[PDB]
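[1] Sequence first, structure after; it's an experimental one.
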Amino acid sequence: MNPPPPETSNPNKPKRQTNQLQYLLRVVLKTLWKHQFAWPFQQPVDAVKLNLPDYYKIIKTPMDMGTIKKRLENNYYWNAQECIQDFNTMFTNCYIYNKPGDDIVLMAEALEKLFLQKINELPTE
Ligand SMILES: CCc1c(C(=O)Nc2cc(S(=O)(=O)N(CC)CC)ccc2O)[nH]c(C)c1C(=O)CO
């Protein structure tokens, strides 16, 4: 079955607003979210519904853009790099579970390319 989704709130962690964090939500995440190939990445992989029973045997650090969006909205991240790492994990997981030429892999490649173009103009710390 599925694990619970990743935590999107931490009550023992302080919160701050930064130029970088605002950009990550309003520019980076927003732009990826609206991409034609965003849909497989907008929520946790539902392995039960999709009948992918080995998915969470193979992927022990799942991540998705729905989670990332909620983390940003909830001020879950203190440092911008925490958010960037989550995107990286999300992409890397595809390359672990799937094979070259799989639809999902081509979709990940397009999103990652876009992600890098957007992170390029990330405001300074
Ligand atoms: C191909 C499986 C997969 C998805 C995915 O989500 N595929 C998906 C979702 C649904 S759906 O019913 O849940 N659905 C309604 C359309 C989405 C809102 C239906 C069919 C699907 O192929 N994502 C990732 C990262 C993977 C990986 O294999 C990654 O290693």
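    That came in fine, so what should we check first? Numbers count the residues shown, from 1 in each chain.

[2] Write out the residues of this protein neighbouring the ligand.
    Taking Cβ under 6 Å from any ligand atom as the contact definition, the chain meets the ligand at 39-41, 43, 45-46, 49-50, 93-94, 97-98, 104. The way it works is simple: take the backbone N, C-alpha and C, and place the C-beta from them, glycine included.

[3] let's see it at 5 Å
    40, 45, 94, 97-98, 104 (Cβ under 5 Å from any ligand atom).

[4] Name all residues that make contact with residue 17.
    residue 75 (Cβ atoms under 8 Å, 6 or more residues apart in numbering).

[5] Mind checking which of the residues of the chain next to the ligand are buried?
    45, 94, 97, 104 (16 or more other Cβ atoms under 10 Å).

[6] And the first one, its phi and psi?
    Taking degrees, to the nearest 10, you get phi -60, psi 120 for the backbone angles of residue 45.

[7] I figured it hits residue 53, correct?
    No: counting by Cβ atoms under 8 Å, residue 45 stays clear of residue 53, with 11.8 Å between them.

[8] in whichever strand or helix holds residue 85, what's buried?
    Element membership for residue 85, per DSSP states H and E: helix 80-97. Across helix 80-97, burial judged by 16+ other Cβ under 10 Å covers 80, 83-84, 86-87, 89-91, 93-94, 97.

[9] where along this structure do the helices fall?
    Here the chain has its helices, by DSSP state H, at 19-23, 30-33, 47-50, 55-58, 65-73, 80-97, 103-119.

[10] what would those helices look like in a markdown table with distance to residue 6?
    Putting the helices of the chain into a markdown table (distance: least, Cβ to Cβ, whole Å) gives the following:
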| stretch | distance to residue 6 |
| --- | --- |
| helix 19-23 | 18 |
| helix 30-33 | 17 |
| helix 47-50 | 15 |
| helix 55-58 | 12 |
| helix 65-73 | 5 |
| helix 80-97 | 8 |
| helix 103-119 | 18 |
